[PDB]
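Have a look at the structure below, then the notes.
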Amino acid sequence: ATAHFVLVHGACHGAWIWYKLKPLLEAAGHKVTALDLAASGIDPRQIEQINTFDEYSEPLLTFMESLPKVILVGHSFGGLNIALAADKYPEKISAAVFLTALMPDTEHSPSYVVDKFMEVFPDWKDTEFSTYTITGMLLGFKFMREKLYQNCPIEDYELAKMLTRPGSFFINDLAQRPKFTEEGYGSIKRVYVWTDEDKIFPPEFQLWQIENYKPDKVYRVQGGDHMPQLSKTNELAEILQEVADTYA
Ligand code: NA
């Protein structure tokens with residue numbers, strides 16, 4: 001069965017992270033949309049211009065409204081963006097796939113799993129942080145090479161160095177905004193795809209998020225780093241096909 005997948009990147013990244021997965025899924029007859037969020041990819045805005053998590057999410061929210069059902073795939077921090085889109089348009093979503101992602105729940109503030117990630121005490125190495133009138137971050141080259149892309153082909157790490165941009169977790173926004181609702185986000189089917197060699201979201205942290213808000217299905221990507229759409233593209237495509245077969 002074929003589906004329309006909507007691929008959503010995390011902080012500091014863009015649509016380009018899907019450059020190998022997208023044509024592979026299209027070769028199986030799926031429709032694929034790979035978005036740049038605000039101030040991401042080649043979007044013209046700068047991160048200092050994005051004042052709220054809603055503004056950051058705008059390209060996904062606009063796309064969801066303009067839909068003529070889709071399977072959302074949120075990577076890393078993109079899990080928060082697809083949770084927000086699901087809270088708004090649950091009827092348009094066949095399933096939400098959380099790919100080594102921050103999966104929020106409905107019982108706690110949206111900031112909950114980001115705070116729990118901070119509790120992991122991640123080693124940011126050469127990442128640079130700053131503030132604007134929100135904390136922003138520019139991921140370090142060594143940080144990305146060792147903590148995110150270490151099982152990726154060298155050329156994918158080269159794309160990351162040429163294309164990653166300043167980003168933000170909008171932690172204060174997430175902490176003060178309303179909890180995601182049981183009627184919206186809480187109503188949709190969820191899939192978590194975890195990687196067992198992830199060096200920034202430890203597998204134990206991915207498993208904690210799974211236990212904290214049990215999804216309908218769970219897949220392990222053996223040998224995946226944090227970037228399985230780059231390091232494990234074929235394996236990921238097979239998992240997404242099964243997800244389309246299950247929920248379409
Ligand atoms: Na783009």
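Here's how to read the names in the structure tokens: chain A, B, ... by the order shown, residue numbers from 1 in each chain, ligand numbers from 1 in the order shown.
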Run DSSP on the backbone and give me the residues of stretch 172-225 of chain A it puts in strand (DSSP E), as a list in words.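 Of stretch 172-225 of chain A, only residues 190, 191, 192, 193, 194, 195, 217, 218, 219, 220 and 221 of chain A fall in strand (DSSP E).
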Written selection (N, CA and C atoms) as a compact mmCIF listing (two decimals), in the first residue's frame:
# COMPACT_ATOMS: atom_id res chain seq x y z
N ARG A 190 0.71 6.20 16.77
CA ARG A 190 2.11 6.59 16.85
C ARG A 190 3.02 5.38 16.69
N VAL A 191 4.15 5.60 16.03
CA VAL A 191 5.19 4.60 15.83
C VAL A 191 6.50 5.22 16.29
N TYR A 192 7.28 4.50 17.09
CA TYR A 192 8.61 4.98 17.43
C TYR A 192 9.64 4.08 16.78
N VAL A 193 10.57 4.69 16.04
CA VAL A 193 11.68 4.02 15.38
C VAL A 193 12.94 4.44 16.12
N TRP A 194 13.54 3.52 16.87
CA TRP A 194 14.71 3.85 17.67
C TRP A 194 15.98 3.24 17.06
N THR A 195 17.12 3.86 17.35
CA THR A 195 18.41 3.39 16.84
C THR A 195 19.31 2.97 17.99
N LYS A 217 3.32 0.88 17.79
CA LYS A 217 4.32 -0.02 17.25
C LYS A 217 5.70 0.56 17.49
N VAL A 218 6.70 -0.31 17.62
CA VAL A 218 8.08 0.08 17.91
C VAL A 218 9.00 -0.73 17.01
N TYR A 219 9.95 -0.04 16.36
CA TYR A 219 10.95 -0.68 15.52
C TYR A 219 12.33 -0.27 15.97
N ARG A 220 13.27 -1.22 15.97
CA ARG A 220 14.67 -0.93 16.23
C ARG A 220 15.41 -0.92 14.90
N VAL A 221 16.25 0.09 14.69
CA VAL A 221 17.16 0.15 13.55
C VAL A 221 18.54 -0.24 14.06
Could you tell me, counting only C-alpha atoms and all ligand atoms, which protein and nucleic acid residues lie no more than 6 Å from ligand 1, written as a list in words? residues 15, 36, 41 and 42 of chain A
A:33, A:131, A:151, A:52: which is nearest residue A:224, counting only C-alpha atoms? A:151
List as JSON, numbers by chain the protein and nucleic acid residues near residue A:158, meaning an atom at most 10 Å away when only C-alpha atoms are counted, but skip any in the same chain fewer than 3 places from it. {"A": [141, 145, 149, 153, 154, 155, 161, 162, 163]}
Could you write out the selected residues, including C-alpha atoms, as a CSV table (one decimal), in the first residue's frame?
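Ended up saving to out.csv:
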chain,number,residue,atom,x,y,z
A,141,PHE,CA,31.6,20.0,13.4
A,145,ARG,CA,30.9,14.0,13.3
A,149,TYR,CA,26.7,11.2,12.0
A,153,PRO,CA,29.0,8.0,4.8
A,154,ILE,CA,31.6,10.8,4.9
A,155,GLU,CA,29.7,12.8,2.3
A,161,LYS,CA,28.9,20.9,7.6
A,162,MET,CA,27.7,22.8,4.5
A,163,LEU,CA,24.1,23.1,5.4
Contacts of stretch 18-29 of chain A within 10 Å, only C-alpha atoms, excl. fewer than 6 positions in-chain, as a count of residues only: 24
Looking only at helix (DSSP H, G or I) from DSSP on the backbone, list the matching residues of stretch 157-212 of chain A as a PyMOL selection string. chain A and resi 157-163+171-176+185-187+203-212
Identify, on the basis of only C-alpha atoms, every residue whose closest approach to residue A:115 does not exceed 10 Å; exclude the query and any residue fewer than 5 positions from it along the same chain; express the result as a PDB file with N, CA and C atoms, in the first residue's frame.
ATOM      1  N   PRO A 110       4.667  20.386  27.156  1.00  0.00           N
ATOM      2  CA  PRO A 110       5.454  19.950  25.984  1.00  0.00           C
ATOM      3  C   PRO A 110       6.965  19.943  26.226  1.00  0.00           C
ATOM      4  N   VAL A 120      19.977  13.906  30.382  1.00  0.00           N
ATOM      5  CA  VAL A 120      20.965  12.958  29.894  1.00  0.00           C
ATOM      6  C   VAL A 120      22.368  13.561  29.950  1.00  0.00           C
ATOM      7  N   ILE A 171      12.708  26.309  24.503  1.00  0.00           N
ATOM      8  CA  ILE A 171      12.356  25.578  25.722  1.00  0.00           C
ATOM      9  C   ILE A 171      11.322  26.350  26.533  1.00  0.00           C
ATOM     10  N   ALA A 175       7.535  25.160  27.585  1.00  0.00           N
ATOM     11  CA  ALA A 175       7.248  24.999  29.005  1.00  0.00           C
ATOM     12  C   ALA A 175       5.978  25.730  29.428  1.00  0.00           C
TER      13      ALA A 175
END
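You can rank A:198, A:48, A:105, A:55 by their closest distance to residue A:86 using only C-alpha atoms, and at the top of that list sits A:105.
Within the 12 Å cut-off around residue A:130, using only C-alpha atoms and omitting residues fewer than 2 positions from it on the same chain, the listed residues are residues 47, 48, 127, 128, 132, 133, 134, 135, 136, 137, 138, 139, 166, 167 and 168 of chain A.
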Please produce an output containing N, CA, C and O atoms for each residue in the selection, written as a PDB file, in the first residue's frame.
ATOM      1  N   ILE A  47      16.957  32.745  12.439  1.00  0.00           N
ATOM      2  CA  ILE A  47      16.389  32.212  13.671  1.00  0.00           C
ATOM      3  C   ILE A  47      16.080  33.335  14.651  1.00  0.00           C
ATOM      4  O   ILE A  47      15.144  33.221  15.449  1.00  0.00           O
ATOM      5  N   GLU A  48      16.819  34.446  14.586  1.00  0.00           N
ATOM      6  CA  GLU A  48      16.516  35.593  15.442  1.00  0.00           C
ATOM      7  C   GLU A  48      15.160  36.207  15.131  1.00  0.00           C
ATOM      8  O   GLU A  48      14.634  36.966  15.956  1.00  0.00           O
ATOM      9  N   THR A 127      29.863  22.730  19.904  1.00  0.00           N
ATOM     10  CA  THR A 127      28.663  23.506  19.598  1.00  0.00           C
ATOM     11  C   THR A 127      28.757  24.884  20.250  1.00  0.00           C
ATOM     12  O   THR A 127      29.314  25.036  21.340  1.00  0.00           O
ATOM     13  N   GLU A 128      28.236  25.890  19.566  1.00  0.00           N
ATOM     14  CA  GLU A 128      28.248  27.268  20.036  1.00  0.00           C
ATOM     15  C   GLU A 128      26.824  27.711  20.365  1.00  0.00           C
ATOM     16  O   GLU A 128      25.910  27.504  19.563  1.00  0.00           O
ATOM     17  N   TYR A 132      19.190  35.692  21.828  1.00  0.00           N
ATOM     18  CA  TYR A 132      18.611  36.742  21.004  1.00  0.00           C
ATOM     19  C   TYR A 132      17.341  37.231  21.685  1.00  0.00           C
ATOM     20  O   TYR A 132      16.715  36.496  22.455  1.00  0.00           O
ATOM     21  N   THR A 133      16.962  38.475  21.388  1.00  0.00           N
ATOM     22  CA  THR A 133      15.821  39.115  22.045  1.00  0.00           C
ATOM     23  C   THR A 133      14.510  38.815  21.331  1.00  0.00           C
ATOM     24  O   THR A 133      14.408  38.989  20.119  1.00  0.00           O
ATOM     25  N   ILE A 134      15.384  33.525  23.932  1.00  0.00           N
ATOM     26  CA  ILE A 134      15.627  32.206  23.348  1.00  0.00           C
ATOM     27  C   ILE A 134      17.123  31.959  23.239  1.00  0.00           C
ATOM     28  O   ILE A 134      17.884  32.850  22.859  1.00  0.00           O
ATOM     29  N   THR A 135      17.554  30.750  23.582  1.00  0.00           N
ATOM     30  CA  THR A 135      18.932  30.342  23.348  1.00  0.00           C
ATOM     31  C   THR A 135      19.019  29.684  21.977  1.00  0.00           C
ATOM     32  O   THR A 135      18.182  28.845  21.630  1.00  0.00           O
ATOM     33  N   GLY A 136      20.023  30.081  21.201  1.00  0.00           N
ATOM     34  CA  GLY A 136      20.271  29.482  19.907  1.00  0.00           C
ATOM     35  C   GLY A 136      21.525  28.640  19.958  1.00  0.00           C
ATOM     36  O   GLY A 136      22.368  28.827  20.848  1.00  0.00           O
ATOM     37  N   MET A 137      21.661  27.691  19.033  1.00  0.00           N
ATOM     38  CA  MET A 137      22.844  26.855  18.997  1.00  0.00           C
ATOM     39  C   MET A 137      23.275  26.641  17.557  1.00  0.00           C
ATOM     40  O   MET A 137      22.442  26.512  16.652  1.00  0.00           O
ATOM     41  N   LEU A 138      24.582  26.608  17.361  1.00  0.00           N
ATOM     42  CA  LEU A 138      25.188  26.227  16.093  1.00  0.00           C
ATOM     43  C   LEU A 138      25.989  24.963  16.380  1.00  0.00           C
ATOM     44  O   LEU A 138      26.993  25.012  17.105  1.00  0.00           O
ATOM     45  N   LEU A 139      25.533  23.830  15.843  1.00  0.00           N
ATOM     46  CA  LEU A 139      26.172  22.552  16.155  1.00  0.00           C
ATOM     47  C   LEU A 139      27.618  22.515  15.682  1.00  0.00           C
ATOM     48  O   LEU A 139      27.937  22.907  14.555  1.00  0.00           O
ATOM     49  N   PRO A 166      21.902  27.864  12.476  1.00  0.00           N
ATOM     50  CA  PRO A 166      21.482  28.110  13.864  1.00  0.00           C
ATOM     51  C   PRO A 166      20.050  27.652  14.102  1.00  0.00           C
ATOM     52  O   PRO A 166      19.158  27.889  13.283  1.00  0.00           O
ATOM     53  N   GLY A 167      19.833  27.009  15.257  1.00  0.00           N
ATOM     54  CA  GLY A 167      18.518  26.537  15.648  1.00  0.00           C
ATOM     55  C   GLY A 167      18.276  26.746  17.135  1.00  0.00           C
ATOM     56  O   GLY A 167      19.170  27.177  17.871  1.00  0.00           O
ATOM     57  N   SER A 168      17.046  26.426  17.560  1.00  0.00           N
ATOM     58  CA  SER A 168      16.595  26.606  18.938  1.00  0.00           C
ATOM     59  C   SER A 168      15.605  25.511  19.313  1.00  0.00           C
ATOM     60  O   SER A 168      14.843  25.028  18.468  1.00  0.00           O
TER      61      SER A 168
END
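Nearest to residue A:50 of all the residues A:180, A:100, A:123, A:173 is A:173, based on only C-alpha atoms.
Atom pair atom CA of residue A:142 / atom CA of residue A:98: separated by 25.7 Å.
The protein and nucleic acid residues lying at most 12 Å from residue A:187 are residues 83, 86, 87, 88, 89, 90, 91, 92, 93, 94, 95, 96, 105, 106, 180, 181, 182, 183, 184, 190, 215 and 216 of chain A, with only C-alpha atoms considered and sequence neighbours fewer than 3 positions away removed.
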Dump as an mmCIF file, in the first residue's frame, selection limited to N, CA, C and O atoms:
data_model
loop_
_atom_site.group_PDB
_atom_site.id
_atom_site.type_symbol
_atom_site.label_atom_id
_atom_site.label_comp_id
_atom_site.auth_asym_id
_atom_site.auth_seq_id
_atom_site.Cartn_x
_atom_site.Cartn_y
_atom_site.Cartn_z
ATOM 1 N N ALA A 83 3.942 16.528 16.680
ATOM 2 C CA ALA A 83 2.948 16.507 17.754
ATOM 3 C C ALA A 83 2.032 17.723 17.678
ATOM 4 O O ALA A 83 0.812 17.605 17.853
ATOM 5 N N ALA A 86 -0.280 17.356 14.813
ATOM 6 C CA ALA A 86 -1.274 16.334 15.118
ATOM 7 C C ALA A 86 -2.325 16.848 16.086
ATOM 8 O O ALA A 86 -3.477 16.395 16.048
ATOM 9 N N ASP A 87 -1.940 17.761 16.979
ATOM 10 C CA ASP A 87 -2.911 18.338 17.893
ATOM 11 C C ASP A 87 -3.886 19.210 17.127
ATOM 12 O O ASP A 87 -5.049 19.338 17.522
ATOM 13 N N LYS A 88 -3.432 19.795 16.019
ATOM 14 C CA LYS A 88 -4.264 20.673 15.208
ATOM 15 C C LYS A 88 -5.095 19.913 14.182
ATOM 16 O O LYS A 88 -6.286 20.208 14.017
ATOM 17 N N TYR A 89 -4.514 18.925 13.501
ATOM 18 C CA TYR A 89 -5.175 18.248 12.382
ATOM 19 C C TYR A 89 -5.151 16.732 12.550
ATOM 20 O O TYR A 89 -4.679 16.010 11.668
ATOM 21 N N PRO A 90 -5.703 16.208 13.650
ATOM 22 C CA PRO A 90 -5.662 14.750 13.842
ATOM 23 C C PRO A 90 -6.351 13.981 12.735
ATOM 24 O O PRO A 90 -5.910 12.876 12.382
ATOM 25 N N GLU A 91 -7.414 14.541 12.162
ATOM 26 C CA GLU A 91 -8.177 13.853 11.129
ATOM 27 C C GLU A 91 -7.407 13.702 9.825
ATOM 28 O O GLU A 91 -7.842 12.937 8.956
ATOM 29 N N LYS A 92 -6.293 14.414 9.662
ATOM 30 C CA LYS A 92 -5.499 14.369 8.436
ATOM 31 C C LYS A 92 -4.305 13.436 8.551
ATOM 32 O O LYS A 92 -3.495 13.360 7.622
ATOM 33 N N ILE A 93 -4.168 12.729 9.665
ATOM 34 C CA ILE A 93 -2.969 11.955 9.955
ATOM 35 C C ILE A 93 -3.355 10.496 10.114
ATOM 36 O O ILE A 93 -4.123 10.145 11.019
ATOM 37 N N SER A 94 -2.815 9.650 9.240
ATOM 38 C CA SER A 94 -2.994 8.210 9.368
ATOM 39 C C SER A 94 -2.119 7.630 10.481
ATOM 40 O O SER A 94 -2.529 6.691 11.179
ATOM 41 N N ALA A 95 -0.916 8.175 10.661
ATOM 42 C CA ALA A 95 -0.006 7.762 11.724
ATOM 43 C C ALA A 95 1.113 8.785 11.827
ATOM 44 O O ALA A 95 1.438 9.472 10.849
ATOM 45 N N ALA A 96 1.691 8.881 13.018
ATOM 46 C CA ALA A 96 2.851 9.721 13.273
ATOM 47 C C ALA A 96 4.013 8.814 13.631
ATOM 48 O O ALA A 96 3.917 8.036 14.590
ATOM 49 N N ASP A 105 4.113 13.904 25.288
ATOM 50 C CA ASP A 105 2.913 13.186 25.707
ATOM 51 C C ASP A 105 1.814 14.201 25.984
ATOM 52 O O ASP A 105 1.952 15.370 25.617
ATOM 53 N N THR A 106 0.718 13.780 26.628
ATOM 54 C CA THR A 106 -0.333 14.715 27.010
ATOM 55 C C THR A 106 -0.378 15.022 28.503
ATOM 56 O O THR A 106 -1.001 16.017 28.890
ATOM 57 N N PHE A 180 -0.281 19.345 25.030
ATOM 58 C CA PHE A 180 -0.952 18.692 23.912
ATOM 59 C C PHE A 180 -2.181 17.942 24.414
ATOM 60 O O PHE A 180 -2.173 17.366 25.510
ATOM 61 N N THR A 181 -3.234 17.939 23.597
ATOM 62 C CA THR A 181 -4.552 17.492 24.026
ATOM 63 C C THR A 181 -4.767 16.015 23.713
ATOM 64 O O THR A 181 -4.220 15.476 22.745
ATOM 65 N N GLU A 182 -5.594 15.361 24.536
ATOM 66 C CA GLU A 182 -5.901 13.957 24.281
ATOM 67 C C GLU A 182 -6.772 13.799 23.043
ATOM 68 O O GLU A 182 -6.694 12.774 22.353
ATOM 69 N N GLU A 183 -7.588 14.808 22.737
ATOM 70 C CA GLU A 183 -8.490 14.718 21.591
ATOM 71 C C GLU A 183 -7.741 14.838 20.267
ATOM 72 O O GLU A 183 -8.176 14.274 19.252
ATOM 73 N N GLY A 184 -6.630 15.567 20.250
ATOM 74 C CA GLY A 184 -5.856 15.810 19.050
ATOM 75 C C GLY A 184 -4.671 14.868 18.995
ATOM 76 O O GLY A 184 -4.778 13.714 18.539
ATOM 77 N N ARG A 190 0.710 6.196 16.766
ATOM 78 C CA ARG A 190 2.111 6.592 16.853
ATOM 79 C C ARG A 190 3.016 5.380 16.690
ATOM 80 O O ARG A 190 2.698 4.272 17.147
ATOM 81 N N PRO A 215 3.623 3.740 22.308
ATOM 82 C CA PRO A 215 3.064 3.910 20.967
ATOM 83 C C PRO A 215 2.416 2.621 20.497
ATOM 84 O O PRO A 215 2.465 1.598 21.193
ATOM 85 N N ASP A 216 1.819 2.644 19.308
ATOM 86 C CA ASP A 216 1.175 1.441 18.810
ATOM 87 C C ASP A 216 2.173 0.429 18.279
ATOM 88 O O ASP A 216 1.906 -0.775 18.331
#
Provide the atom CA of residue A:111 to atom CA of residue A:64 distance in Å, to one decimal place.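 Pair atom CA of residue A:111 / atom CA of residue A:64 returns 22.9 Å.
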Which residue of A:210, A:188, A:97, A:70 approaches residue A:113 most closely, using only C-alpha atoms: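 Using only C-alpha atoms, residue A:113 sits closest to A:210.
Between residue A:164 and the candidates A:243, A:103, A:32, A:39, the tightest atom-to-atom separation, counting only C-alpha atoms, involves A:39.
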